[PDB]
Structure formats: structure tokens, C-alpha cells
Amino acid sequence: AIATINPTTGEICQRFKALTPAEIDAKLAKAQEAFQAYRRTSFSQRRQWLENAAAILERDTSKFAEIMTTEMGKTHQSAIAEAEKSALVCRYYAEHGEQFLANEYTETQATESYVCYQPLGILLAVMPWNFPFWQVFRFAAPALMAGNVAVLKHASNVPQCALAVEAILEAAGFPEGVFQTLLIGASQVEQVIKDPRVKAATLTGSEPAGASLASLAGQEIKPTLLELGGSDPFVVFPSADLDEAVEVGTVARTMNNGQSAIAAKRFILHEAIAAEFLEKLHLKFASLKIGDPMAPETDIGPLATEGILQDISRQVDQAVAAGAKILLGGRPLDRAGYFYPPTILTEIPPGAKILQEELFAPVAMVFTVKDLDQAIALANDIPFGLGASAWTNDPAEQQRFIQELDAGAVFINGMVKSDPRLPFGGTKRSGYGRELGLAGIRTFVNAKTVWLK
């Protein structure tokens, strides 16, 4: 079950043995001991080690990117970008961690009254295959800067990525036990959450996994953060810069072979520009290059696993049988590896099941609306609420989109992106809590109120 299976060829490359319950317990004993020493290290020391990690990532972007591409199919170029972004968040918290965690004083009758910020202890992180480096470093950099230690349960299909991350942090100088990768199955996460030494947990992934982790953690009185799926709207109104919206919209839907929680999944087009936008989108998708993700000319690699392929294939077939129209694509390719083509679906019947589902593949759903009220209602008519993008140069419309779109992030005239400098997270069924910015490092600390007479 824990194995590298190359999605370009379907070949099983490397298998790994899962930890036994005793071995998990041993890793946790080591983490606990490591935490006792690590919480006493200086911010200067942690900064040095994080900067070292950033430098390792910066130096070997291509090597790390090749691991990511091999294991889960994203283009080598996009994996290089992922390695760079991972270094970026390391540097961000190296640079800002101390100031972000400094005492905050409040004037009272006390001689001293303030809040200080101390680490909780061992944090469990459960992470997904789609950004196998970035999701890990997004969590790890602030967690470690704050003085926590971490155990990582990565997706079972990216074990080499999981081991690589641990190795980078060891090479950077972080003490043994400060960051450990657990080669374990989803069924074994319960043992970790139930362990008295584990103080908190974070999960990035899908709802079933997050519901399981958060319910178990809640039962144990442990705080959580969940970053789950999205069906983000990409709304285009008549005053939009249409050519830019088409180009950026195409990237947003097709990046990471469509496998992004913040992909543009539902294109919502004002009737006045819908025909032009849709033609241009159609043309853009029609000429994307599908193939070997190691080849620099490739736009679209294979989907990450056979299951991901079967899922989208089923979802699209069912929508089409219900009366959705296929403008482009809409069937898996007859070639080795888990290839699914760029696809555009239109005229989706009201109440079609697909309208409520996340399409984790390069498959655009397209909608025409008459006005702003309709656009907002449709954009929000999903269980999720992660990101949203809207395109308009009318100030009043911009403000309505900002205020009224039910999402954790609203981007005006650009595609949704995470950036270390700003917090990032979901609402509704997309989760809760915020990674990145100040929020990221404040999540897994004891905010201890101190009052000295």
C-alpha cells in the first residue's frame, strides 16, 4: 500500500513497509524527548536551521522536483516551482518567527500583564499527495520555528517525498526527533491522535480524512486545523480584461494537472461576455500539450493515481448521461499511464449531481449568468468555500464580490494563490483555521496569559 507507482507508466517502482504500532510508539517517545530539548533552543538557532533547509531546497530544486514528478505526475517545471515555494516559506518564518511570537503587553493594574507564546509539543500533520513538498513545509516551517516537534503522516503514494522532507530537515541541522516521517496507513493515524504525547493535529486533504482526524482529536480535547477541498468559482464580468482572464483561468484550472484545492473549477460568465470567453477558453484548452511530465514542453501530465482517474471518468460520464454537453475532452486517453484530457462541460442540467462535487482533474464546468446577484448565488451554491476569483473593473462590483463570496480567500482580477505573507484557509466544508502569515505560527502554541502583581 505504501509505494511509489509512477502515474506516467503505471509501474510499481518501490514498496515500503508500514511501521508497526510499537515502532510508532518508539518514534513518539523520541519526539517527546526531542521536544524537551528543542523547546529550549534559541530563535537564532531555529532561524539558522530553517535557512539551511531553504538553501538545500534552493540548491537541489531539480532533484527534488524529479521525485515529485516520478511519484505523483505533476510537470517537472511545476515541481521546481513547488520546491522554490517551499524554500520561500522556510525563509518567511526564519525571518519573522521571533517577532511573530514576541510577548504582547496589555496595560492593566498589574505591574506586568502580557500574552506569551509557547510551543504545545508534538504536532501530528497528515498531508496529501498533490503538493507533496509545499503542503509539508507550509506546516513545518512555522511549527518548528515556534518550538514544536512534528510527526508527519504523508499520503501513501508519495513515500519518497515524505522521506526526502525528513532528510532535508536532518541535513539542515534540526535535532533527531524534531521532525519525523511516519510511513503508516490512514488506519494508523488513530493511534497517533490518541497518544497522550501528541498535543494537536493538522490535516490537508479531503473531507472524509479531515472528518476522521478532527472527530478523533475533538474527542481527545486536542485542537485541529483543516485545509480541505474546494470547488472555487472563477467569475468573469463584462468589464473584465477578457484575454487575461482566459489565460489565467486556463492556468488556474489546469495547473497540477487540475489537482488543486484552489483550482478554478466553476467558470461563471456574465452573458454579455460568455460567448467570447468560452470560445477563447475552448481554444486554449484544445492546444494544451498532454504527455510526459518530465518533458519541458508538457502542459498536462497524468493524474496521480488510477483511483483519481476512475473518479473523474465516472463523474463526467454521469454528468454527460444527464445531459451536460462536452465542448472538449470528456474521456480518458487510450495510452499508458493515468491520462485524462483537458475537458470543458457546458449546459449542465439544474440539480445535476456534478454541480456539488469537486472535480480533481483538468475539467472546467461553465455557467452563464445574467447579473451579479445570480453570479454570487451560484458561486456560493456549493458545500465548500475555499477560494474564489472574480474579474471586473467596476469598483462597486469588486466590493460586492469581496463582501459576498463565501470563501476563505477572494482574489479580484487574478487567480487564487497561497502566499507565505498572507494567511490561507477555508470556510464551510473546506475547513477552518489559517496557515501562513502571522496566523500560521500562532495556530499551535499555548497563548499563555501572564499577570504579575
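Sequential numbering from 1, following the sequence displayed.
Across the two stretches, 221 to 229 and 102 to 110, the PDB entry reports the greater mean Cα temperature factor for 102 to 110.
Look at the C-alpha B-factors of 296 to 304 and of 146 to 154. On average they run higher in 296 to 304. Annotation for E166, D195, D371, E95: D371 ranks highest, by Cα B-factor. For the set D243, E190, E82, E170, the PDB entry assigns the largest Cα B-factor to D243.
For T9, the recorded CA temperature factor ranks within the highest third of the chain's modelled residues.
Split the chain's modelled residues into thirds by C-alpha temperature factor. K428 is in the lowest one. Sorting the modelled residues of the chain by their CA temperature factor places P362 in the lowest third. Annotation for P175: CA B-factor lies in the middle third of the chain's modelled residues. When all modelled residues of the chain are sorted by CA temperature factor, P238 is found within the highest third.
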